[PDB]
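Asks: An experimental structure, sequence included, is below.
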Amino acid sequence: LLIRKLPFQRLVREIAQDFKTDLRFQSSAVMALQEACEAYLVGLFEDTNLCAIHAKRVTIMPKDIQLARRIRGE
Amino acid sequence: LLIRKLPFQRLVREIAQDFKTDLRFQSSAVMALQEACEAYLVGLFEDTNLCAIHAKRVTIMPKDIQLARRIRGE
Amino acid sequence: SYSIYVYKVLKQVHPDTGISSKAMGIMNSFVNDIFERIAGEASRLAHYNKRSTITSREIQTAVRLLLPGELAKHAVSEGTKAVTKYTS
Amino acid sequence: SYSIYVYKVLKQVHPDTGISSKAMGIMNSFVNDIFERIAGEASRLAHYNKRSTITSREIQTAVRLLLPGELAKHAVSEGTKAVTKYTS
Amino acid sequence: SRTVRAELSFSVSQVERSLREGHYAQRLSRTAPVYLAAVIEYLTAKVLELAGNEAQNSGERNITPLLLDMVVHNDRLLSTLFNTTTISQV
Amino acid sequence: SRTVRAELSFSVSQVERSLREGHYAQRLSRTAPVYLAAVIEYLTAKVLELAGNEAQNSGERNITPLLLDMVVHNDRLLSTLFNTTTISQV
Amino acid sequence: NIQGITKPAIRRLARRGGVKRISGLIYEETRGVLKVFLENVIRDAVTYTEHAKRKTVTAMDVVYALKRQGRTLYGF
Amino acid sequence: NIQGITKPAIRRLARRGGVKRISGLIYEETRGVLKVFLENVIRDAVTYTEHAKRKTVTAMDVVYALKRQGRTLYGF
DNA sequence: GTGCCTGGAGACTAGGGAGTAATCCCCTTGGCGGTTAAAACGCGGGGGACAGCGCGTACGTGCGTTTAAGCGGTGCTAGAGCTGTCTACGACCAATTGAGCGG
DNA sequence: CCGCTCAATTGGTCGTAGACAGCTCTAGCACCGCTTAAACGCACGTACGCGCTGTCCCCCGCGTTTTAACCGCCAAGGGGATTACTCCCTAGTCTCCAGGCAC
């Protein structure tokens, strides 16, 4: 994994608090969410790098994430 | 519609020939395919125009269709 | 199938505005689609819990899953305030 | 559930190469997923034709629909040359 | 009648009968079709409420499919439900 | 036994029993599970044939999930089936 | 042929898409995208027709083929 | 907070994505994309847990929530 | 305007399927405390956005022509629904074997 | 290395679900004439890709120096999973009554 596990667990337990208070998570639910979130972010930066090369650049910019998410339908 | 109906019917009846020979189409199946194909192509050129503006251009190029289809997953 | 009730709700929501004949087929395919989507989601939820009876709770969960956000909150509130008015 | 047969096919395809314990759970979730996808597609195809019996023909069509291209041609050929070897 | 008893406009008995011919389970519930008819009634009375609001935001009398196509892809209230839909207009 | 009779490696009777507990229809067919077990057998003997072909060059003894993740997203033979899959590797 | 998808019909689809100016090589690429889209949808429509033991591809087979791509079509 | 998704963890995700150089404003946008992705998946996982009359979000509720986005996850 | 027929909501009975306790007990959360990697800060510099500047093309527009698509109209028959029988049917019980385990 | 047990196999039943035989009769295909709209072939005149070019600015590498992640302990209890009822809800009549139909 590439994100640290304890701040990602704090992030899931502070996002899920808005949906139902006082929830518990299995130890493998947080690792499934962390595996799916890095498999989402790498697949997002692979299209952001395509949108940054498309403009004849190397540095990715927030408009490249915004284009890769508007084309994808997000 | 924006594509002429008789060349689109010739296109469907020459694409479907590779799947099963001597098929017949309803008159509304071809219009559903033509409605879906222009609703596909306009939604494709709306992301191609975003990929062409993203490079600080106005003219769309084939690399803009190729980027809008690689980001979409085609 | 469901076209006779689309005009009946339209008489309540807009008793002055009429509807076309192609738009009735569009609203009837919309209703048969959101029906065969909600019932399909509730059958998968009845299978995931190994139940056999689709209750109103699997419909409330399939509405929470299918409809995004405020549309799910209002469809759950309308289904709840229709089942409670039904049992009374 | 299906983990006892994944190792049994692996003994035929590679009798020398072993498999891990996480990879068995991955192949078992793969098999339970392509099973609950093919059977779901064949139940929708049994509903679209208003039938009641899932025959092998709704499985051959759900394989043609789900698997793209050469994987569908080889899965149909293997299912056909297994049903014919079964009836004989 | 359960439709008037639930104070709905869609027939509950037809939604239950369509759940029976779909064979979505082995046995339904008592109040499951009343809930499903009230949710589909809400979605129809939310889409046609906007089609009737947009027809009078204009001089039209009936509701054409152009009004449905213009409303459901605008109007962020229900535009998320129709990301992948296409009204045929033919 | 119908599995040996069909010359398969997966149990037909378990696929039929899993079609029964899923309640995918009202009544199955004679070759409703022999065909399905031969197709799932083909897909397993096509994925693990490539995992065992790729381990040969690799030099590993067992099959790890890294081998499955490396094979199924390469190998255009079955990469179309796994466009939207993620092997967890944990 | 695919040549029936003419130059000004692709230009009208791009003008409706919001494109101001079109290069001279979009025309053969757009036909190659349309042919892939039809080869993906007509394959499923012919699969539903051969499964329904028919020889006429109805419009509900096309609606089911577009539904298997996340492109639900209302009005048929 | 979302600030736990640090600068070098987004940089490691971009280095694995193949990005050579990263602007100084990607870091707050990537957290805003990750928060939307988690708000879309955790909502469905909490919906499956409240439907299962549980209080512990298991890993199969997360697999079902990712399955409802076309992101099937093997290994749970 | 009300006779007369169609269907669906209330009794009315058998249920198996959720409800409800009730019980380990697993695990999950909750801490504390301690290495030590990972991040955070600041610095620097040079790599790369980047705006401007030409500058050579290829697209839109137009202006002619010119082809075929729609359309409108006949034939025609094909196979899509039918309907109406007309039979294999998977479902059930039941009666045999091969694998797992004991000696 | 043998004795004993068991879910897989395989005989009759009754399939009715699907096959199938036949009927029609849409309708979808087929063909010709024919406007005329839509496409098509050049000219050209640009607007505009496109390379390059210089300020420049800001991101990456590189010590630093923190910080809390992580690992390891234990303590607690809680809410899972299982079982055992169990009760009560829904599967099939009718019937009594509305709502659609004639004169």
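Replies: Happy to help now that I have it. Residues are numbered from 1 along each chain as shown, chains lettered A, B, ... in the order given.
Asks: Spell out whether the helix or strand containing residue G:15 and DNA strand J are in contact.
Replies: Using DSSP states H and E, residue G:15 maps to helix G:7-17. Yes - interface with DNA strand J: helix G:7-17 contributes G:7, G:8, G:9, G:12 (CB under 7 Å from any atom of the strand). Quick note: C-beta positions are derived from backbone N, CA and C, even for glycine.
Asks: are any of those residues buried, and which?
Replies: G:9, G:12 (16 or more other CB atoms under 10 Å in any protein chain shown).
Asks: Pick out the residue in chain E sitting closest to chain D.
Replies: residue E:22 (6.6 Å; CB to the nearest CB).
Asks: so what's that residue up against?
Replies: C:36, C:39, D:47 (CB atoms under 8 Å, 6 or more residues apart in numbering or on different chains).
Asks: Tell me the most packed of the residues you listed, by neighbour count.
Replies: Using other CB atoms under 10 Å in any protein chain shown as the neighbour criterion, residue C:39 leads those with 22 neighbours.
Asks: Now the phi/psi pair for it, please.
Replies: With angles defined as degrees, to the nearest 10, residue C:39 sits at phi -70, psi -30.
Asks: what sits against it?
Replies: By CB under 8 Å, 6+ apart, the neighbours of residue C:39 are C:54, C:62, E:19, E:22, E:24, E:36.
Asks: And for chain E, the residue most distant from the center?
Replies: The outermost residue of chain E, judged against the average C-alpha position, is residue E:26 (25.9 Å), by CA atoms, centre = their mean.
Asks: Ok, chain A next?
Replies: Distance to centre of chain A, CA atoms, centre = their mean, peaks at residue A:56 (25.3 Å).
Asks: next one: phi and psi at that one?
Replies: phi 60, psi 60.
Asks: if I look at the nearest residue to it once chain neighbours are set aside, how far off is residue G:20?
Replies: Take residue A:56 and drop its neighbours on the chain: the residue closest to it by CB to CB, 6 or more residues apart in numbering or on different chains is residue B:55, 7.1 Å away. Residue B:55 is 14 Å from residue G:20, where distance means CB to CB, to the nearest Å.
Asks: higher neighbour count, these two?
Replies: Looking at residue B:55 and residue G:20 with other CB under 10 Å, you find the greater number of neighbours at residue B:55, namely 18 against 13.
Asks: ok, the more buried one - contacts?
Replies: Here residue B:55 is in contact with A:54, A:55, A:56, B:64 (criterion: CB under 8 Å, 6+ apart).
Asks: what's the neighbour count on the first one?
Replies: Right, the one you point to is residue A:54. Counted with other CB under 10 Å, residue A:54 comes out at 20.
Asks: Leaving out chain neighbours, which residue sits closest to it?
Replies: Here the residue nearest residue A:54, using CB to CB, 6+ apart, is residue B:67, at 5.3 Å.
Asks: can you tell if the helix or strand where that neighbour lies touches DNA strand J?
Replies: Using DSSP H and E, residue B:67 maps to helix B:62-72. No - applying CB under 7 Å from any atom of the strand, one finds helix B:62-72 separated from DNA strand J by no less than 8.6 Å.
Asks: residue contacts, the residue of chain G most remote from its centre?
Replies: Going by CA atoms, centre = their mean, the residue of chain G most distant from its centre is residue G:53, 23.9 Å out. Not one residue lies near residue G:53 by CB under 8 Å, 6+ apart.
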